[PDB]
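Take a look at this single chain in structure tokens; it is the form deposited in one PDB entry.
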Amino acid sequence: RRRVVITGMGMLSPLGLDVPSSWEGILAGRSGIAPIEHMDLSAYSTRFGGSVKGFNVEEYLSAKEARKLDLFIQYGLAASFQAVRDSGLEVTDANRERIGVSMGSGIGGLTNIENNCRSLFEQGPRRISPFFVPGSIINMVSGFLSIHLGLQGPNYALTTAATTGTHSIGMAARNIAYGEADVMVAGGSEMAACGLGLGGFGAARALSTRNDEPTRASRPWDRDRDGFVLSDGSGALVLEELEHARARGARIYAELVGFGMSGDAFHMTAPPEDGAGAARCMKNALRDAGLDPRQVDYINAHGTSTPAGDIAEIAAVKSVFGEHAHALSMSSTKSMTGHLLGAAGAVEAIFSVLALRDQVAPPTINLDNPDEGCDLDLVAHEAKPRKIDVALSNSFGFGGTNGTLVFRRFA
């Protein structure tokens, strides 16, 4: 089985329009959460979220091309273009069949759907945009990236709710490991802040309603948590076979050593109280990496700020790591970014890789009063410089679909 390394990273998040600006916010404990400006939400129970501020699509695409694409596609292409530039890779006739794309989304083009739905109900079907389908379907980040850069390798898209970015990266790594590609651009994107998004998650009572203090709403493992915060953006990584990277003198950030999956097979939105599914998934990833639990230094948690979810993840980490659960550091960067849904696993993979580069555990902000049994090192309030050789990233999605990635300092 071939080794897979990370040679390029790209991002849009509520904290920044690139990786270095986002990471500066993470290490400073900055919130990207604010009242939403782009629609009137006076009728909604949640009126805040994590928006991308000041995005200029014309840095990436012509105004002509951009007009045809939903925001989630613009965001996915921005992160992908950043990652490919960051990698330094040159695409040629000799390698274009060996370079593929796996960029996913949880909910896809809900804004475009809403806008075309308005035209349809008011004025009938002949008002629908000709670009409605190709500019809204989830696989068009992978499609449009492949067309723009001439990538002819495996071309697909995952949609697994909060697990999307984690599955996208893990399965792209499998393509490289088993020899069906040498390079993959993998990750996810999301822009679900429309009436149907805030209204839909609101109707399921999944969202924090702390409208008076939006920056305090996302509070993983805190006793006063009341649901997740909806956020927008994108993450992309260039995954590359090790000898391919070495041959061209690529800068290597870290090694992707492990990928695990499981299903809870329990409930449509609630985890089992002991997080048994999450425990199996983390053990599967560590076994894939050939690592003992005692070798893990940092966990980037799922940690969405939900009553049932946050405590199930603690139970799963205690089950897998035993006494070592009190030696590792675990934090939820969703305390600062909110929940990017299909992009969460992509941006959190990048944060896990930068924790390895910079030897620092990002904080869990807003952890004022840890709940019953939440007695691990959850890196409350402030970043913690420490030794990190192995970093684990968890994603648990609606339906009980679980994914874990394991990254290692490269040697």
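By rigid core we mean the largest C-alpha set that fits within 1.5 Å across both forms. The numbering used is simple: start at 1 and walk along the sequence shown.
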Positional deviation of Cα atoms in 4 other deposited structures of this protein after core superposition, greater for 235-243 or 120-128: 120-128
Higher-scoring stretch by recorded Cα B factor average, 35-43 or 341-349: 35-43
Greater mean Cα temperature factor according to the PDB record, 65-73 or 45-53: 65-73
Residue of maximum C-alpha B factor among 118, 219, 280, 302, per deposited coordinates: 118
Peak C-alpha temperature factor (PDB record), options 225, 205, 334, 167: 205
Chain-relative CA temperature factor third for residue 357: highest
Chain-wide C-alpha B factor ranking for residue 264, given as lowest, middle or highest third: middle
Ranked C-alpha temperature factor of residue 102 among modelled chain residues, by third: lowest
B-factor third for the C-alpha atom of residue 383 within its chain: middle
Third of the chain's Cα B-factor distribution that residue 293 belongs to, per the entry: middle
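Beyond the structure shown, there is the form deposited with a small molecule bound, which is absent from this document and is the topic of what follows.
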Answer option from 252, 291, 149, 117, heavy atom within 4.5 Å of the small molecule in the entry with it bound: 149
Partner-contacting position among 372, 59, 368, 37 - heavy atom within 4.5 Å of the small molecule in the entry with it bound: 59
Any non-hydrogen atom of residue 81 within 4.5 angstroms of the small molecule in the entry with it bound: yes
4.5 angstroms heavy atom contact with the small molecule in the entry with it bound for residue 85: yes
Listed range touching the small molecule, judged in the entry with it bound by heavy atoms within 4.5 Å, from 372-380, 59-67, 45-53, 359-367: 59-67
